[PDB]
file coords36.txt (compact mmCIF, N, CA and C atoms (P, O5', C5', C4', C3', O3' and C1' of nucleotides) and all ligand atoms)
# COMPACT_ATOMS: atom_id res chain seq x y z
N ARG A 3 -5.92 -4.35 -20.27
CA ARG A 3 -5.36 -3.76 -19.07
C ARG A 3 -4.04 -3.08 -19.36
N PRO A 4 -4.15 -2.02 -20.17
CA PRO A 4 -3.02 -1.23 -20.58
C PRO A 4 -2.58 -0.21 -19.55
N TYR A 5 -3.23 -0.19 -18.40
CA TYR A 5 -2.85 0.76 -17.38
C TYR A 5 -2.29 0.00 -16.21
N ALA A 6 -1.03 0.26 -15.84
CA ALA A 6 -0.43 -0.43 -14.73
C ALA A 6 -0.14 0.48 -13.55
N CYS A 7 -0.25 -0.07 -12.35
CA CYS A 7 0.04 0.75 -11.22
C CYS A 7 1.59 0.88 -11.10
N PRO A 8 2.11 2.14 -11.15
CA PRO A 8 3.54 2.48 -11.09
C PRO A 8 4.20 2.30 -9.75
N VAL A 9 3.42 1.91 -8.76
CA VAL A 9 3.95 1.69 -7.44
C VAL A 9 4.74 0.39 -7.51
N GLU A 10 6.05 0.48 -7.34
CA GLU A 10 6.94 -0.68 -7.41
C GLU A 10 6.64 -1.86 -6.50
N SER A 11 5.58 -1.75 -5.71
CA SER A 11 5.18 -2.81 -4.79
C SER A 11 3.89 -3.49 -5.28
N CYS A 12 3.11 -2.69 -6.00
CA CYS A 12 1.84 -3.08 -6.56
C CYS A 12 1.94 -3.71 -7.92
N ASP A 13 1.08 -4.68 -8.11
CA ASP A 13 0.95 -5.49 -9.30
C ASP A 13 -0.17 -5.15 -10.29
N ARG A 14 -1.17 -4.42 -9.85
CA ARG A 14 -2.31 -4.08 -10.68
C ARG A 14 -2.22 -3.38 -12.05
N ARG A 15 -3.14 -3.82 -12.97
CA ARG A 15 -3.35 -3.36 -14.37
C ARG A 15 -4.85 -3.14 -14.57
N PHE A 16 -5.20 -2.06 -15.26
CA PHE A 16 -6.60 -1.72 -15.49
C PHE A 16 -6.90 -1.39 -16.93
N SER A 17 -8.18 -1.54 -17.27
CA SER A 17 -8.69 -1.28 -18.59
C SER A 17 -8.84 0.22 -18.93
N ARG A 18 -9.28 1.03 -17.98
CA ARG A 18 -9.46 2.43 -18.25
C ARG A 18 -8.59 3.23 -17.33
N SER A 19 -8.33 4.47 -17.72
CA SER A 19 -7.51 5.38 -16.94
C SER A 19 -8.14 5.72 -15.61
N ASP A 20 -9.47 5.88 -15.57
CA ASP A 20 -10.19 6.22 -14.33
C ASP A 20 -10.15 5.09 -13.28
N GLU A 21 -9.96 3.86 -13.72
CA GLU A 21 -9.91 2.80 -12.75
C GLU A 21 -8.59 2.92 -11.99
N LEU A 22 -7.55 3.35 -12.71
CA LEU A 22 -6.20 3.53 -12.20
C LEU A 22 -6.16 4.70 -11.25
N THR A 23 -6.77 5.81 -11.64
CA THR A 23 -6.80 6.98 -10.79
C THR A 23 -7.46 6.67 -9.50
N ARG A 24 -8.57 5.96 -9.58
CA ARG A 24 -9.30 5.58 -8.40
C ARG A 24 -8.41 4.68 -7.53
N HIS A 25 -7.82 3.67 -8.15
CA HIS A 25 -6.95 2.74 -7.47
C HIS A 25 -5.79 3.40 -6.74
N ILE A 26 -5.22 4.46 -7.35
CA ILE A 26 -4.09 5.24 -6.83
C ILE A 26 -4.25 5.62 -5.33
N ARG A 27 -5.51 5.99 -5.02
CA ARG A 27 -5.97 6.39 -3.70
C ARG A 27 -5.50 5.44 -2.61
N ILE A 28 -5.42 4.14 -2.90
CA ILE A 28 -4.95 3.24 -1.87
C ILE A 28 -3.47 3.52 -1.58
N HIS A 29 -2.78 3.99 -2.61
CA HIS A 29 -1.38 4.28 -2.46
C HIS A 29 -1.15 5.63 -1.82
N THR A 30 -1.90 6.63 -2.27
CA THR A 30 -1.78 7.98 -1.76
C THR A 30 -2.48 8.33 -0.45
N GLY A 31 -3.45 7.51 -0.01
CA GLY A 31 -4.20 7.74 1.23
C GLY A 31 -5.28 8.81 1.12
N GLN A 32 -5.47 9.27 -0.08
CA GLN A 32 -6.45 10.27 -0.41
C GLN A 32 -7.88 9.77 -0.20
N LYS A 33 -8.61 10.44 0.69
CA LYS A 33 -9.99 10.11 1.01
C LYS A 33 -10.85 11.35 0.86
N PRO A 34 -11.13 11.69 -0.39
CA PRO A 34 -11.90 12.85 -0.80
C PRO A 34 -13.33 13.07 -0.36
N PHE A 35 -13.96 12.10 0.30
CA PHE A 35 -15.34 12.26 0.73
C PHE A 35 -15.51 12.25 2.24
N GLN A 36 -16.07 13.30 2.80
CA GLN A 36 -16.23 13.32 4.23
C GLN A 36 -17.66 13.07 4.63
N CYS A 37 -17.83 12.34 5.72
CA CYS A 37 -19.19 12.11 6.15
C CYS A 37 -19.56 13.37 6.91
N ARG A 38 -20.67 13.95 6.51
CA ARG A 38 -21.18 15.18 7.10
C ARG A 38 -21.52 15.05 8.57
N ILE A 39 -21.83 13.82 8.95
CA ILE A 39 -22.22 13.49 10.30
C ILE A 39 -21.18 13.11 11.30
N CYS A 40 -20.26 12.27 10.89
CA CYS A 40 -19.21 11.82 11.77
C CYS A 40 -17.85 12.31 11.36
N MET A 41 -17.79 13.06 10.24
CA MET A 41 -16.55 13.63 9.71
C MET A 41 -15.62 12.61 9.14
N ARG A 42 -15.96 11.35 9.26
CA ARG A 42 -15.10 10.32 8.73
C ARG A 42 -14.92 10.53 7.22
N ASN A 43 -13.72 10.18 6.75
CA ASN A 43 -13.30 10.29 5.37
C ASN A 43 -13.37 8.98 4.61
N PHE A 44 -13.68 9.10 3.34
CA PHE A 44 -13.79 7.95 2.51
C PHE A 44 -13.20 8.19 1.14
N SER A 45 -12.62 7.12 0.66
CA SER A 45 -12.00 7.08 -0.63
C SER A 45 -13.01 7.20 -1.77
N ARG A 46 -14.25 6.69 -1.59
CA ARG A 46 -15.23 6.74 -2.66
C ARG A 46 -16.55 7.36 -2.29
N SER A 47 -17.27 7.80 -3.35
CA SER A 47 -18.58 8.44 -3.30
C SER A 47 -19.67 7.47 -2.99
N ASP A 48 -19.59 6.33 -3.63
CA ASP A 48 -20.59 5.35 -3.39
C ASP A 48 -20.47 4.79 -2.00
N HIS A 49 -19.24 4.63 -1.53
CA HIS A 49 -19.03 4.10 -0.19
C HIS A 49 -19.52 5.02 0.90
N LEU A 50 -19.44 6.30 0.62
CA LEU A 50 -19.86 7.33 1.53
C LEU A 50 -21.40 7.25 1.68
N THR A 51 -22.11 7.16 0.56
CA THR A 51 -23.57 7.09 0.54
C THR A 51 -24.19 5.93 1.31
N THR A 52 -23.48 4.84 1.28
CA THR A 52 -23.89 3.64 1.94
C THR A 52 -23.56 3.77 3.45
N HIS A 53 -22.38 4.31 3.78
CA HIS A 53 -22.01 4.48 5.17
C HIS A 53 -22.94 5.44 5.93
N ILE A 54 -23.42 6.48 5.27
CA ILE A 54 -24.30 7.46 5.92
C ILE A 54 -25.56 6.80 6.46
N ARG A 55 -25.96 5.73 5.75
CA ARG A 55 -27.13 4.93 6.07
C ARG A 55 -27.06 4.32 7.45
N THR A 56 -25.83 4.18 7.95
CA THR A 56 -25.58 3.64 9.27
C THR A 56 -26.00 4.71 10.29
N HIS A 57 -25.95 5.97 9.86
CA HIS A 57 -26.32 7.04 10.75
C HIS A 57 -27.80 7.27 10.78
N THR A 58 -28.38 7.34 9.59
CA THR A 58 -29.79 7.58 9.42
C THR A 58 -30.67 6.38 9.64
N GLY A 59 -30.17 5.15 9.43
CA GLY A 59 -30.98 3.96 9.62
C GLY A 59 -31.87 3.71 8.40
N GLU A 60 -31.53 4.32 7.27
CA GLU A 60 -32.31 4.14 6.07
C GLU A 60 -31.97 2.79 5.44
N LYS A 61 -33.00 2.03 5.06
CA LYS A 61 -32.80 0.71 4.46
C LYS A 61 -33.64 0.54 3.25
N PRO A 62 -33.09 0.87 2.13
CA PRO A 62 -33.85 0.77 0.91
C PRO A 62 -34.15 -0.60 0.31
N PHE A 63 -33.50 -1.70 0.74
CA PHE A 63 -33.74 -3.01 0.15
C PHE A 63 -34.37 -4.07 1.02
N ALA A 64 -35.56 -4.50 0.65
CA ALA A 64 -36.27 -5.51 1.39
C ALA A 64 -36.32 -6.86 0.69
N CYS A 65 -36.29 -7.90 1.49
CA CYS A 65 -36.34 -9.22 0.95
C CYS A 65 -37.77 -9.42 0.44
N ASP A 66 -37.84 -10.06 -0.73
CA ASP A 66 -39.10 -10.37 -1.40
C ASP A 66 -39.93 -11.45 -0.70
N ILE A 67 -39.26 -12.38 -0.03
CA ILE A 67 -39.85 -13.49 0.70
C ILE A 67 -40.27 -13.12 2.09
N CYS A 68 -39.45 -12.41 2.82
CA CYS A 68 -39.88 -12.08 4.14
C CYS A 68 -39.96 -10.60 4.43
N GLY A 69 -39.64 -9.72 3.49
CA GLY A 69 -39.74 -8.31 3.79
C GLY A 69 -38.70 -7.74 4.74
N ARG A 70 -37.67 -8.51 5.09
CA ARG A 70 -36.64 -8.00 5.98
C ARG A 70 -35.88 -6.92 5.22
N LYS A 71 -35.56 -5.81 5.90
CA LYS A 71 -34.88 -4.66 5.31
C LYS A 71 -33.39 -4.60 5.53
N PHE A 72 -32.70 -4.05 4.52
CA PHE A 72 -31.25 -3.92 4.53
C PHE A 72 -30.75 -2.58 3.99
N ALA A 73 -29.61 -2.13 4.43
CA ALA A 73 -29.10 -0.87 3.93
C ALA A 73 -28.48 -0.99 2.54
N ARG A 74 -28.01 -2.18 2.19
CA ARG A 74 -27.37 -2.42 0.91
C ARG A 74 -27.93 -3.63 0.18
N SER A 75 -27.91 -3.55 -1.13
CA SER A 75 -28.41 -4.63 -1.92
C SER A 75 -27.60 -5.93 -1.74
N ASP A 76 -26.31 -5.80 -1.51
CA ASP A 76 -25.46 -6.97 -1.34
C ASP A 76 -25.79 -7.69 -0.07
N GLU A 77 -26.35 -6.91 0.84
CA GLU A 77 -26.76 -7.46 2.10
C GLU A 77 -28.04 -8.23 1.86
N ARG A 78 -28.87 -7.68 0.98
CA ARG A 78 -30.12 -8.30 0.66
C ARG A 78 -29.87 -9.60 -0.04
N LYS A 79 -28.97 -9.55 -1.00
CA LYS A 79 -28.59 -10.72 -1.78
C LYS A 79 -28.09 -11.87 -0.91
N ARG A 80 -27.17 -11.53 -0.01
CA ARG A 80 -26.60 -12.49 0.88
C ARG A 80 -27.70 -13.21 1.67
N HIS A 81 -28.72 -12.45 2.09
CA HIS A 81 -29.87 -12.92 2.86
C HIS A 81 -30.96 -13.73 2.16
N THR A 82 -31.41 -13.33 0.97
CA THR A 82 -32.46 -14.05 0.25
C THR A 82 -32.19 -15.53 0.14
N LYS A 83 -30.91 -15.82 0.01
CA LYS A 83 -30.32 -17.14 -0.11
C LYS A 83 -30.73 -18.07 1.02
N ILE A 84 -30.84 -17.52 2.23
CA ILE A 84 -31.22 -18.31 3.38
C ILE A 84 -32.60 -18.92 3.25
N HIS A 85 -33.38 -18.45 2.30
CA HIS A 85 -34.70 -19.01 2.17
C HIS A 85 -34.74 -20.28 1.37
N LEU A 86 -33.56 -20.71 0.98
CA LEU A 86 -33.46 -21.93 0.24
C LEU A 86 -33.29 -22.96 1.37
N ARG A 87 -32.60 -22.49 2.46
CA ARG A 87 -32.23 -23.14 3.74
C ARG A 87 -31.37 -22.22 4.65
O5' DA B 1 -27.85 -11.21 9.56
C5' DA B 1 -28.17 -11.18 10.93
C4' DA B 1 -27.55 -9.98 11.61
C3' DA B 1 -27.48 -8.67 10.83
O3' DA B 1 -27.73 -7.64 11.73
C1' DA B 1 -25.25 -9.62 11.09
P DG B 2 -28.17 -6.23 11.18
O5' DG B 2 -26.81 -5.44 10.96
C5' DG B 2 -26.00 -5.16 12.03
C4' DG B 2 -24.83 -4.38 11.49
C3' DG B 2 -25.11 -3.45 10.33
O3' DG B 2 -24.35 -2.29 10.64
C1' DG B 2 -23.26 -4.86 9.87
P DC B 3 -24.40 -0.91 9.85
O5' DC B 3 -23.01 -0.87 9.09
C5' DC B 3 -21.83 -0.91 9.82
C4' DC B 3 -20.70 -1.20 8.87
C3' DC B 3 -20.80 -0.42 7.57
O3' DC B 3 -19.53 0.09 7.39
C1' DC B 3 -20.41 -2.70 7.23
P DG B 4 -19.25 1.50 6.73
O5' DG B 4 -17.66 1.45 6.49
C5' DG B 4 -16.72 1.39 7.56
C4' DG B 4 -15.55 0.58 7.09
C3' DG B 4 -14.94 1.14 5.82
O3' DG B 4 -13.54 1.16 5.94
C1' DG B 4 -15.48 -1.16 5.53
P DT B 5 -12.66 2.07 4.97
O5' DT B 5 -12.53 1.19 3.64
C5' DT B 5 -11.70 0.03 3.53
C4' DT B 5 -12.00 -0.70 2.25
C3' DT B 5 -12.00 0.20 1.01
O3' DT B 5 -10.99 -0.21 0.08
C1' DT B 5 -13.80 -1.32 1.02
P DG B 6 -10.09 0.84 -0.75
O5' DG B 6 -9.62 -0.01 -2.03
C5' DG B 6 -9.02 -1.24 -1.74
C4' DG B 6 -9.56 -2.26 -2.68
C3' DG B 6 -9.55 -1.76 -4.11
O3' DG B 6 -8.65 -2.55 -4.78
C1' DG B 6 -11.61 -2.86 -3.59
P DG B 7 -8.23 -2.38 -6.31
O5' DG B 7 -9.35 -3.12 -7.20
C5' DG B 7 -9.34 -4.55 -7.28
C4' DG B 7 -10.44 -5.06 -8.21
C3' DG B 7 -10.44 -4.41 -9.59
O3' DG B 7 -10.84 -5.38 -10.52
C1' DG B 7 -12.56 -4.20 -8.65
P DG B 8 -10.41 -5.30 -12.04
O5' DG B 8 -11.67 -5.90 -12.75
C5' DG B 8 -12.85 -5.48 -12.20
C4' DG B 8 -13.99 -5.83 -13.11
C3' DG B 8 -13.86 -5.19 -14.48
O3' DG B 8 -14.90 -5.68 -15.32
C1' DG B 8 -15.33 -3.95 -13.17
P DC B 9 -14.80 -5.45 -16.90
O5' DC B 9 -15.80 -4.24 -17.18
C5' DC B 9 -17.06 -4.53 -16.74
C4' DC B 9 -17.90 -3.29 -16.66
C3' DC B 9 -17.76 -2.35 -17.84
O3' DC B 9 -19.09 -2.07 -18.27
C1' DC B 9 -17.79 -1.22 -15.80
P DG B 10 -19.49 -1.99 -19.82
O5' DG B 10 -20.86 -1.21 -19.64
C5' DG B 10 -21.94 -1.88 -19.03
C4' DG B 10 -23.02 -0.87 -18.76
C3' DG B 10 -23.26 0.08 -19.91
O3' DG B 10 -24.57 0.51 -19.74
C1' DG B 10 -22.29 1.31 -18.10
P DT B 11 -25.20 1.37 -20.91
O5' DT B 11 -24.95 2.86 -20.37
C5' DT B 11 -25.60 3.26 -19.16
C4' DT B 11 -25.06 4.61 -18.78
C3' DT B 11 -25.02 5.60 -19.96
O3' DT B 11 -25.91 6.65 -19.73
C1' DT B 11 -23.06 5.67 -18.68
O5' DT C 1 -9.87 10.55 -14.21
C5' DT C 1 -9.65 11.95 -14.01
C4' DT C 1 -10.83 12.76 -14.51
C3' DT C 1 -12.14 12.42 -13.82
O3' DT C 1 -12.21 13.10 -12.59
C1' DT C 1 -12.53 12.35 -16.00
P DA C 2 -12.81 12.33 -11.34
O5' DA C 2 -14.05 13.28 -10.96
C5' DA C 2 -14.91 13.91 -11.97
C4' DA C 2 -16.35 13.47 -11.80
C3' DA C 2 -16.49 12.57 -10.59
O3' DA C 2 -17.70 12.76 -9.93
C1' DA C 2 -17.02 11.32 -12.56
P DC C 3 -17.90 11.92 -8.56
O5' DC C 3 -19.38 11.32 -8.76
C5' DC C 3 -20.35 12.03 -9.51
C4' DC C 3 -21.34 11.01 -10.01
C3' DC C 3 -21.80 10.10 -8.90
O3' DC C 3 -23.22 10.00 -8.95
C1' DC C 3 -20.87 8.79 -10.65
P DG C 4 -24.18 9.79 -7.67
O5' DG C 4 -24.50 8.25 -7.87
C5' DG C 4 -25.12 7.85 -9.06
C4' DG C 4 -24.92 6.37 -9.16
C3' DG C 4 -24.99 5.68 -7.79
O3' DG C 4 -25.88 4.58 -7.91
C1' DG C 4 -23.13 4.99 -9.00
P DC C 5 -27.33 4.42 -7.19
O5' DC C 5 -27.60 2.87 -7.55
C5' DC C 5 -26.54 1.94 -7.41
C4' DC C 5 -26.39 1.07 -8.64
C3' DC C 5 -26.06 -0.37 -8.26
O3' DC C 5 -27.21 -1.19 -8.30
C1' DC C 5 -24.32 0.47 -9.54
P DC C 6 -27.38 -2.51 -7.37
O5' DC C 6 -26.49 -3.62 -8.08
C5' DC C 6 -26.51 -3.88 -9.46
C4' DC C 6 -25.30 -4.75 -9.74
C3' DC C 6 -25.22 -5.96 -8.81
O3' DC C 6 -25.03 -7.16 -9.56
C1' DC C 6 -23.20 -4.75 -8.81
P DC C 7 -25.15 -8.62 -8.88
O5' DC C 7 -23.67 -8.98 -8.43
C5' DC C 7 -22.67 -8.91 -9.40
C4' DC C 7 -21.37 -9.06 -8.69
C3' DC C 7 -21.58 -9.92 -7.45
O3' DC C 7 -20.86 -11.15 -7.55
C1' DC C 7 -20.37 -7.92 -7.00
P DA C 8 -20.87 -12.35 -6.48
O5' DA C 8 -19.28 -12.61 -6.43
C5' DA C 8 -18.31 -11.56 -6.80
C4' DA C 8 -17.37 -11.20 -5.63
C3' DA C 8 -17.40 -12.14 -4.41
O3' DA C 8 -16.13 -12.72 -4.23
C1' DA C 8 -17.29 -9.88 -3.73
P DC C 9 -15.87 -13.87 -3.14
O5' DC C 9 -14.84 -13.17 -2.15
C5' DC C 9 -13.72 -12.49 -2.61
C4' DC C 9 -13.26 -11.68 -1.43
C3' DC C 9 -13.14 -12.49 -0.15
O3' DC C 9 -11.82 -12.38 0.17
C1' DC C 9 -14.15 -10.38 0.25
P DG C 10 -11.12 -13.08 1.41
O5' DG C 10 -11.38 -12.09 2.65
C5' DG C 10 -10.70 -10.84 2.66
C4' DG C 10 -10.94 -10.07 3.95
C3' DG C 10 -10.91 -10.90 5.22
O3' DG C 10 -10.09 -10.22 6.19
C1' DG C 10 -12.95 -9.66 5.02
P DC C 11 -9.52 -11.01 7.45
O5' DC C 11 -10.48 -10.52 8.65
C5' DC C 11 -10.24 -9.20 9.09
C4' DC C 11 -11.42 -8.63 9.82
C3' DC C 11 -11.73 -9.24 11.17
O3' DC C 11 -11.55 -8.21 12.18
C1' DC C 11 -13.68 -8.88 9.82
ZN ZN D 1 -1.23 0.02 -6.93
ZN ZN D 2 -20.41 8.93 9.23
ZN ZN D 3 -36.03 -12.91 3.65

call {"tool": "encode", "arguments": {"input": "coords36.txt", "output": "structure tokens", "more": "lines below"}}
Ligand SMILES: [Zn+2]
Ligand SMILES: [Zn+2]
Ligand SMILES: [Zn+2]
result
Amino acid sequence: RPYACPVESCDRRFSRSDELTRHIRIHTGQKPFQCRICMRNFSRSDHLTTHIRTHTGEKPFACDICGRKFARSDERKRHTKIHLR
DNA sequence: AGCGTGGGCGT
DNA sequence: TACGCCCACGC
């Protein structure tokens, strides 16, 4: 973690330069991705793709046990667990 | 439950 | 650099 955040309030260190650049955004308020539908702005590309799903209702991940659908895999993961109890 | 959003990192 | 996953936390 040879990359440190120069913001005198922030404590963060990163392994690559791109992690730092990305991180900077929290400091600068830069939200480079706009949702085409609601115009809302987002700091990341991946976050934008997942948020759009809220508009379209697209759910690419289904539970293997019950077939319940989710917009995100993390949502799926959180859910499969319930089948243990 | 739904979903914003940061961190780690393969590529 | 940039993307796009996973993974996790928080409300
Ligand atoms: Zn910082
Ligand atoms: Zn939107
Ligand atoms: Zn299920």

call {"tool": "select_by_dssp", "arguments": {"input": "coords36.txt", "residues": "chain A", "states": "strand (DSSP E or B)", "output": "number ranges by chain"}}
result
A: 5-6, 15-16, 35-36, 43-44, 63-64, 71-72

call {"tool": "residues_around", "arguments": {"input": "coords36.txt", "residues": "stretch 63-78 of chain A", "least_positions_apart": "6", "cutoff": "8 Å", "atoms": "all atoms listed in the file", "output": "short mmCIF file (atom, residue, chain, number, x, y, z; two decimals) with N, CA and C atoms (P, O5', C5', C4', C3', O3' and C1' of nucleotides), in the coordinates of the input"}}
result
data_model
loop_
_atom_site.label_atom_id
_atom_site.label_comp_id
_atom_site.auth_asym_id
_atom_site.auth_seq_id
_atom_site.Cartn_x
_atom_site.Cartn_y
_atom_site.Cartn_z
N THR A 52 -23.48 4.84 1.28
CA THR A 52 -23.89 3.64 1.94
C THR A 52 -23.56 3.77 3.45
N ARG A 55 -25.96 5.73 5.75
CA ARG A 55 -27.13 4.93 6.07
C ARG A 55 -27.06 4.32 7.45
N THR A 56 -25.83 4.18 7.95
CA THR A 56 -25.58 3.64 9.27
C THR A 56 -26.00 4.71 10.29
N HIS A 85 -33.38 -18.45 2.30
CA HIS A 85 -34.70 -19.01 2.17
C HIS A 85 -34.74 -20.28 1.37
P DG B 2 -28.17 -6.23 11.18
"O5'" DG B 2 -26.81 -5.44 10.96
"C5'" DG B 2 -26.00 -5.16 12.03
"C4'" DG B 2 -24.83 -4.38 11.49
"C3'" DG B 2 -25.11 -3.45 10.33
"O3'" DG B 2 -24.35 -2.29 10.64
"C1'" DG B 2 -23.26 -4.86 9.87
P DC B 3 -24.40 -0.91 9.85
"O5'" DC B 3 -23.01 -0.87 9.09
"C5'" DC B 3 -21.83 -0.91 9.82
"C4'" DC B 3 -20.70 -1.20 8.87
"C3'" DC B 3 -20.80 -0.42 7.57
"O3'" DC B 3 -19.53 0.09 7.39
"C1'" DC B 3 -20.41 -2.70 7.23
P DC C 5 -27.33 4.42 -7.19
"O5'" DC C 5 -27.60 2.87 -7.55
"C5'" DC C 5 -26.54 1.94 -7.41
"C4'" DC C 5 -26.39 1.07 -8.64
"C3'" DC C 5 -26.06 -0.37 -8.26
"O3'" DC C 5 -27.21 -1.19 -8.30
"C1'" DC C 5 -24.32 0.47 -9.54
P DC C 6 -27.38 -2.51 -7.37
"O5'" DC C 6 -26.49 -3.62 -8.08
"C5'" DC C 6 -26.51 -3.88 -9.46
"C4'" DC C 6 -25.30 -4.75 -9.74
"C3'" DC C 6 -25.22 -5.96 -8.81
"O3'" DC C 6 -25.03 -7.16 -9.56
"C1'" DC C 6 -23.20 -4.75 -8.81
P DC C 7 -25.15 -8.62 -8.88
"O5'" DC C 7 -23.67 -8.98 -8.43
"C5'" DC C 7 -22.67 -8.91 -9.40
"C4'" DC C 7 -21.37 -9.06 -8.69
"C3'" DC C 7 -21.58 -9.92 -7.45
"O3'" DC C 7 -20.86 -11.15 -7.55
"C1'" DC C 7 -20.37 -7.92 -7.00
#

call {"tool": "residues_near_ligand", "arguments": {"input": "coords36.txt", "ligand": "ligand ZN 2 (chain D)", "cutoff": "10 Å", "atoms": "only C-alpha atoms (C1' of nucleotides) and all ligand atoms", "output": "ChimeraX atom specification"}}
result
/A:36-44,50-58

call {"tool": "residues_near_ligand", "arguments": {"input": "coords36.txt", "ligand": "ligand ZN 1 (chain D)", "cutoff": "8 Å", "atoms": "only N, CA and C atoms (P, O5', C5', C4', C3', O3' and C1' of nucleotides) and all ligand atoms", "output": "JSON, numbers by chain"}}
result
{"A": [6, 7, 8, 9, 10, 11, 12, 13, 14, 15, 25, 26, 27, 28, 29], "B": [7]}

call {"tool": "residues_around", "arguments": {"input": "coords36.txt", "residues": "residue A:3", "least_positions_apart": "4", "cutoff": "7 Å", "atoms": "all atoms listed in the file", "output": "PyMOL selection string"}}
result
chain A and resi 15-18

call {"tool": "write_last_selection", "arguments": {"input": "coords36.txt", "atoms": "N, CA and C atoms", "output": "PDB file, in the coordinates of the input"}}
result
ATOM      1  N   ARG A  15      -3.140  -3.820 -12.970  1.00  0.00           N
ATOM      2  CA  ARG A  15      -3.350  -3.360 -14.370  1.00  0.00           C
ATOM      3  C   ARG A  15      -4.850  -3.140 -14.570  1.00  0.00           C
ATOM      4  N   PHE A  16      -5.200  -2.060 -15.260  1.00  0.00           N
ATOM      5  CA  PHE A  16      -6.600  -1.720 -15.490  1.00  0.00           C
ATOM      6  C   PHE A  16      -6.900  -1.390 -16.930  1.00  0.00           C
ATOM      7  N   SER A  17      -8.180  -1.540 -17.270  1.00  0.00           N
ATOM      8  CA  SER A  17      -8.690  -1.280 -18.590  1.00  0.00           C
ATOM      9  C   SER A  17      -8.840   0.220 -18.930  1.00  0.00           C
ATOM     10  N   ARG A  18      -9.280   1.030 -17.980  1.00  0.00           N
ATOM     11  CA  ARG A  18      -9.460   2.430 -18.250  1.00  0.00           C
ATOM     12  C   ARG A  18      -8.590   3.230 -17.330  1.00  0.00           C
TER      13      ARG A  18
END

call {"tool": "interface_residues", "arguments": {"input": "coords36.txt", "of": "chain A", "to": "chain C", "cutoff": "7 Å", "atoms": "all atoms listed in the file", "output": "CSV table (one decimal) with N, CA and C atoms, keeping the file's coordinate frame"}}
result
chain,number,residue,atom,x,y,z
A,19,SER,N,-8.3,4.5,-17.7
A,19,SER,CA,-7.5,5.4,-16.9
A,19,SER,C,-8.1,5.7,-15.6
A,20,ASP,N,-9.5,5.9,-15.6
A,20,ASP,CA,-10.2,6.2,-14.3
A,20,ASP,C,-10.2,5.1,-13.3
A,21,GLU,N,-10.0,3.9,-13.7
A,21,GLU,CA,-9.9,2.8,-12.8
A,21,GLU,C,-8.6,2.9,-12.0
A,23,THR,N,-6.8,5.8,-11.6
A,23,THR,CA,-6.8,7.0,-10.8
A,23,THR,C,-7.5,6.7,-9.5
A,24,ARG,N,-8.6,6.0,-9.6
A,24,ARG,CA,-9.3,5.6,-8.4
A,24,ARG,C,-8.4,4.7,-7.5
A,47,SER,N,-17.3,7.8,-3.4
A,47,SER,CA,-18.6,8.4,-3.3
A,47,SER,C,-19.7,7.5,-3.0
A,48,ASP,N,-19.6,6.3,-3.6
A,48,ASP,CA,-20.6,5.4,-3.4
A,48,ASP,C,-20.5,4.8,-2.0
A,75,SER,N,-27.9,-3.6,-1.1
A,75,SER,CA,-28.4,-4.6,-1.9
A,75,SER,C,-27.6,-5.9,-1.7
A,76,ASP,N,-26.3,-5.8,-1.5
A,76,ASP,CA,-25.5,-7.0,-1.3
A,76,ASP,C,-25.8,-7.7,-0.1

call {"tool": "select_by_dssp", "arguments": {"input": "coords36.txt", "residues": "chain A", "states": "helix (DSSP H, G or I)", "output": "ChimeraX atom specification"}}
result
/A:19-30,47-58,75-85

call {"tool": "atom_distance", "arguments": {"input": "coords36.txt", "atom1": "atom C of residue A:79", "atom2": "atom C5' of residue B:9"}}
result
20.6 Å

call {"tool": "atom_distance", "arguments": {"input": "coords36.txt", "atom1": "atom N of residue A:60", "atom2": "atom N of residue A:33"}}
result
24.6 Å

call {"tool": "atom_distance", "arguments": {"input": "coords36.txt", "atom1": "atom CA of residue A:35", "atom2": "atom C1' of residue B:5"}}
result
13.7 Å

call {"tool": "axis_aligned_box", "arguments": {"input": "coords36.txt", "around": "chain B", "padding_each_side": "4 Å", "output": "AutoDock Vina command-line options"}}
result
--center_x -18.2 --center_y -2.3 --center_z -4.4 --size_x 27.9 --size_y 25.9 --size_z 40.9

call {"tool": "closest_residue", "arguments": {"input": "coords36.txt", "among": "A:83, A:49, A:61, A:30", "to": "ligand ZN 3 (chain D)", "atoms": "all atoms listed in the file"}}
result
A:83

call {"tool": "closest_residue", "arguments": {"input": "coords36.txt", "among": "A:4, A:32, A:46, A:87", "to": "ligand ZN 3 (chain D)", "atoms": "only C-alpha atoms and all ligand atoms"}}
result
A:87

call {"tool": "decode", "arguments": {"input": "coords36.txt", "residues": "stretch 54-74 of chain A", "atoms": "C-alpha atoms", "output": "mmCIF file, in the first residue's frame"}}
result
data_model
loop_
_atom_site.group_PDB
_atom_site.id
_atom_site.type_symbol
_atom_site.label_atom_id
_atom_site.label_comp_id
_atom_site.auth_asym_id
_atom_site.auth_seq_id
_atom_site.Cartn_x
_atom_site.Cartn_y
_atom_site.Cartn_z
ATOM 1 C CA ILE A 54 -30.324 0.944 -13.736
ATOM 2 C CA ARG A 55 -31.760 -2.476 -12.913
ATOM 3 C CA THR A 56 -34.023 -0.735 -10.432
ATOM 4 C CA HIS A 57 -35.564 1.035 -13.394
ATOM 5 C CA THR A 58 -35.839 -1.851 -15.788
ATOM 6 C CA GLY A 59 -36.646 -4.559 -13.232
ATOM 7 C CA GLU A 60 -34.015 -6.841 -14.734
ATOM 8 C CA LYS A 61 -32.885 -9.609 -12.363
ATOM 9 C CA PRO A 62 -30.135 -11.746 -13.622
ATOM 10 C CA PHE A 63 -29.528 -13.918 -10.499
ATOM 11 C CA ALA A 64 -31.814 -16.674 -9.335
ATOM 12 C CA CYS A 65 -31.570 -18.828 -6.297
ATOM 13 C CA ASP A 66 -30.668 -22.428 -7.112
ATOM 14 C CA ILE A 67 -32.995 -23.830 -4.389
ATOM 15 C CA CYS A 68 -36.064 -21.791 -4.921
ATOM 16 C CA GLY A 69 -35.561 -19.862 -8.149
ATOM 17 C CA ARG A 70 -36.195 -16.495 -6.478
ATOM 18 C CA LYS A 71 -34.727 -13.670 -8.609
ATOM 19 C CA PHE A 72 -32.435 -10.812 -7.649
ATOM 20 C CA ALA A 73 -30.869 -7.813 -9.336
ATOM 21 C CA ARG A 74 -27.447 -8.460 -7.776
#
